[PDB]
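Taking it in order: structure first as structure tokens, then the write-up.
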RNA sequence: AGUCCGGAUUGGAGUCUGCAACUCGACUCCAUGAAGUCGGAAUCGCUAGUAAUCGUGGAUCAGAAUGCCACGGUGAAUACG
RNA sequence: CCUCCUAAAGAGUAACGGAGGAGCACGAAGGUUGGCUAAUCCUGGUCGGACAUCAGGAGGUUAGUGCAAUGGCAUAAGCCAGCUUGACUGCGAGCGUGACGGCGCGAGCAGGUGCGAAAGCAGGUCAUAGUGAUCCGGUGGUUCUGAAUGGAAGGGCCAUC
RNA sequence: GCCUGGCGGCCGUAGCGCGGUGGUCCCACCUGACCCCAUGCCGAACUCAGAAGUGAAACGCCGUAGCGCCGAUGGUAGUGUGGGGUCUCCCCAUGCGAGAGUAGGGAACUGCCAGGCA
RNA sequence: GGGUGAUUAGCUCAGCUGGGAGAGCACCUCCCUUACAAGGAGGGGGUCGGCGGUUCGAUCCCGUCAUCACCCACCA
Ligand SMILES: [Mg+2]
Ligand SMILES: [Mg+2]
Ligand SMILES: [Mg+2]
Ligand SMILES: [Mg+2]
Ligand SMILES: [Mg+2]
Ligand SMILES: [Mg+2]
Ligand SMILES: [Mg+2]
Ligand SMILES: [Mg+2]
Ligand SMILES: [Mg+2]
Ligand SMILES: [Zn+2]
């Protein structure tokens, strides 16, 4: 798998991730993204792919 | 400021009496002066351009600007958008300072000088020239050389003809064979 | 070129607000005589005009073409628009950076009561 | 910064230059062998 | 032998030959050879007629060819089943509508042009006729 | 081996001039902006020109570059 | 250090020889300062005042030597075999 | 699976008809605000050369649009920088296109973000390909169920492999 | 009533080019650049305070047909329906009528507001 | 006809999943030899059959043309 499928786990106390695709040979770093989380229904920073 | 004011009185009245224009804004004035250095052999040595930029920011007063490679060619084995050369644009007070410190103290330290050429104009009134050595500017300590890196100068003016630009620069020294 | 360059900077909003169809507050800047216009949504009919080429703002004032003039320009626009019943508008930056005299003009319009 | 150049022609000339040091010269625009060189 | 040096594509549909011609007025030389029938000409026919004309005036005079093929004819080979793709190209043709001026000549007498064109008219699949310079 | 083609994507004008249409009705499925958005018309992300209000459909020809605009009337 | 080493090549100005210096020379001066930082495989000489190095004289000739003939200054190593 | 022609000017239309591409990519190449306009040729310019980087002129989209083609793009959908996560969730009046499963466009509502002073824009990329039904099982969450009862194993639902 | 500045309707009968004119006012070039702002280097741009010069360039108006542009009438090509022939094509009756080309037209037209002028 | 591989210095082969052309024999100049061959040291030689092209760029990637080698050409 060249471009590989990963997820975006919320840093809150909520068991929710989004899901997207990353590459290996372009990004050695993990992905930080602010995103909505429908438990507290606000926007939380996301990290921890897979 | 000096050769600026020298223009502002003598060259203005001189050219107006020469070409008897309808108005004074129709006279040639120098619009900008650009300076280029093609660093191309720095395809491998990335800091060759960094020290050449320090050299040009010692020649000029102001910090330079790198140039992006426009379109990639295999004739020079370059990639499109490559760190490829460095330029300095000059307008206004620093432009007149650079022209002052050029024509007074740099042209006669050109290696084995004879007067500059005649057909070096564009055809629509601009000028350009290229150097060989680079301690012709005083800001370079002789014990700091690392290549024979030259550079070229472009005086861009509003001369509506190259002969008008010739008569503009004949008010200066501007050696003229 | 300069004039057509500014118009192709402005044509963005000058046809988007057309397609919205709302009342437009249009400006023209020159370091002498800032101009201010309030135009109906179609674009062919103006409503409220105030400019420093008019004597009533020219003679009461320090210098034609500074932000301290433009403040009173938009203030006069706001009074002449409220007396005709126009307060809810939209703004035409006319290809100008919202930084200088247009910023002072619109801010003093908002302090005067023109509320877009 | 403005400095002062001075050549051997007696041409004391103050100029702005980013040398950061006063300057000694020989040839100026005044008294250079350009016309004698062409001759 | 007259052949496009490069073409945009290999092949072309069959197409039709409906209607009349355009290149009708004599516009270069003094005398003209004009198509009356309707059909298509090969490069071999065109070259052979050119050789006949240049034979009759022997070298001297100037001769115009107003036509050029720019249309191939695909030909499936002997003993190939139908289908399996459109055939390969073996000869090029020109589309002929009636009234099309084919050849043109200047620098000779009228009777000589007249007999040279009747020599080359037998080289051609169609009836052709003789025209003069007009307005 | 040469013969091949896609499935045709059923483009074109679905509702012509002079028809009382309803809101959100697709009028034109096109690729570029060969037909241009105008009064009461949104341009889709595939440039599907879609309607915003009830009423008729009028093909205007406006603009300096002689473009083709679609509009919804009321009466 | 291509260095005050090295001297080619070249520009100019000379001198003397000889009918004669372009095909040709010898020398002085001014200026120039290439490669060459110890030499691939191979290869030469030499048992004592020689090996090596530094000068000089002659013969040829009207004019030349880094060549030939001859002389002098200093002056080694190794031989178990 | 996508694009053009064959397609006879609504849609569609076959063949071992003529020609090409896709089984990917991106944390910017996405969103927004502010802003800019390319190819090619000529001239002048040290190494520098038919062609690197500079300046001017003609020209005016021939260039670009992540890629094959077609359509389109100057209000740029091409290019630069700053700020950023709307490549958010729950819904959907209505429409289109397929026999069906499905696929696609979507104004607008509630919550809650980013950009802009504001009017406003943003439910991924200019669009059209970049894909896999069901079953079976994996992982996380759970106002569901729990074979006497309380739990559990399992089953469901939501998310996904 | 004239000119100028802005916003529009229309999108080349409005656009190119060539010659002429305009600066009280309006417009542009311009002066200076510490701070607002800004240059991946530069007050070239963007921005700011101004008004010494100037219509050179640019903009507006006037005149002119070297091109772009519009463009009939008639005829031709094609075509729907019906009939036919020497049916690769074409004709007859009837309805519809191009494109190109020809004589021509032509240096735009109209509205809202403000300022200077009579 | 049709599917598969090859055209490279004078000769024979690896270089084709994209950015510098290598190996061996031969050739040429020296060396020891009375003189060759063998042996030791040192060099250059192609424009990758050809036509077009994609791309910044082709021996390499794509479509034909000339030549070579191989496999098929069955039911009858
Ligand atoms: Mg002995
Ligand atoms: Mg000797
Ligand atoms: Mg039809
Ligand atoms: Mg269709
Ligand atoms: Mg923008
Ligand atoms: Mg469970
Ligand atoms: Mg039980
Ligand atoms: Mg003028
Ligand atoms: Mg017509
Ligand atoms: Zn001096």
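Chains as they are written, first to last, in the entry's author numbering: chain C2, 3 to 52; chain CF, 1 to 177; chain CO, 2 to 117; chain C0, 10 to 48; chain CM, 1 to 135; chain CW, 11 to 85. We treat Cβ as the ideally placed atom computed from N, Cα and C, and that holds for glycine.
For residue i, the first and last residue of its enclosing alpha helix (DSSP H)
i: residue 70 (chain CW); result: Per DSSP, residue 70 (chain CW) belongs to no alpha helix (DSSP H); it is in the beta strand (DSSP E), 68-72.
i: residue 6 (chain CF); result: 2-6
i: residue 39 (chain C2); result: It is not in any alpha helix (DSSP H) - residue 39 (chain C2) instead sits in the beta strand (DSSP E) that spans 35-39.
i: residue 162 (chain CF); result: 162-169
i: residue 112 (chain CM); result: 110-120
i: residue 46 (chain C0); result: 44-47
i: residue 108 (chain CO); result: 102-113
i: residue 17 (chain CF); result: 12-19
i: residue 128 (chain CM); result: Looking at the DSSP string, residue 128 (chain CM) is not in any alpha helix (DSSP H); the run it does join, the beta strand (DSSP E), is 128-132.
i: residue 86 (chain CM); result: First-last for residue 86 (chain CM): undefined, no H or E at that position.
Any chain CF beta carbon closer than 8 Å to residue i
i: residue 46 (chain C0); result: yes
i: residue 40 (chain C0); result: no
i: residue 18 (chain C0); result: no
i: residue 21 (chain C0); result: no
i: residue 27 (chain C0); result: yes
Per-residue DSSP class, three states only, for residue i
i: residue 64 (chain CO); result: coil
i: residue 55 (chain CM); result: helix
i: residue 85 (chain CF); result: strand
i: residue 25 (chain CM); result: coil
i: residue 110 (chain CF); result: coil
i: residue 95 (chain CF); result: helix
i: residue 152 (chain CF); result: strand
i: residue 100 (chain CF); result: helix
i: residue 116 (chain CO); result: coil
i: residue 25 (chain CW); result: coil
i: residue 36 (chain CW); result: strand
i: residue 106 (chain CM); result: strand
i: residue 39 (chain CM); result: strand
i: residue 61 (chain CW); result: strand
i: residue 8 (chain CM); result: coil
Cβ of residue i within 8 Å of any chain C0 Cβ
i: residue 175 (chain CF); result: yes
i: residue 101 (chain CF); result: yes
i: residue 114 (chain CF); result: yes
i: residue 105 (chain CF); result: yes
i: residue 138 (chain CF); result: yes
i: residue 38 (chain CF); result: no
Extent of the continuous beta strand (DSSP E) to which residue i belongs
i: residue 14 (chain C0); result: 11-15
i: residue 76 (chain CF); result: Here residue 76 (chain CF) belongs to no beta strand (DSSP E), and DSSP marks it neither H nor E.
i: residue 76 (chain CW); result: It is not in any beta strand (DSSP E) - residue 76 (chain CW) carries neither H nor E in the DSSP assignment.
i: residue 1 (chain CM); result: Looking at the DSSP string, residue 1 (chain CM) is not in any beta strand (DSSP E), and its letter there is neither H nor E.
i: residue 22 (chain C0); result: 21-25
i: residue 44 (chain CF); result: Element bounds for residue 44 (chain CF): n/a, residue is neither H nor E.
i: residue 66 (chain CF); result: 65-68
i: residue 19 (chain CO); result: Unbroken run through residue 19 (chain CO) is the alpha helix (DSSP H), 4-21; no beta strand (DSSP E).
Just checking, does the region 101-114 of chain CO make contact with the region 75-83 of chain CO on the three C-beta pairs under 8 Å criterion? yes
Give a yes or no on contact between the region 83-90 of chain CM and the region 19-32 of chain CM, applying the rule of three or more CB pairs nearer than 8 Å. no
Counting Cβ pairs, one atom from each stretch, are 3 or more of them under 8 Å apart for the region 67-75 of chain CM and the region 87-107 of chain CM? yes
Give the residues whose C-beta lies closer than 7 Å to at least one heavy atom of ligand 10, in chain order. 16 (chain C0), 17 (chain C0), 18 (chain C0), 20 (chain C0), 34 (chain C0), 35 (chain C0), 36 (chain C0), 37 (chain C0), 39 (chain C0), 40 (chain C0) and 41 (chain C0)
For the region 165-174 of chain CF against the region 1-19 of chain CF, are there 3 or more C-beta pairs whose distance is under 8 Å? yes
Determine contact between the region 47-58 of chain CM and the region 110-123 of chain CM, defined as no fewer than three beta-carbon pairs at a distance below 8 Å. yes
Quick test of the definition: if touching needs 3 or more C-beta pairs under 8 Å, does the region 153-160 of chain CF touch the region 27-36 of chain CF? yes
Check whether the region 25-32 of chain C2 touches the region 73-82 of chain CF, counting contact only when three or more Cβ pairs, one atom from each stretch, lie closer than 8 Å. no
Does the structure place the region 13-32 of chain CO close enough to the region 91-104 of chain CO that three or more beta carbon pairs sit under 8 Å? yes
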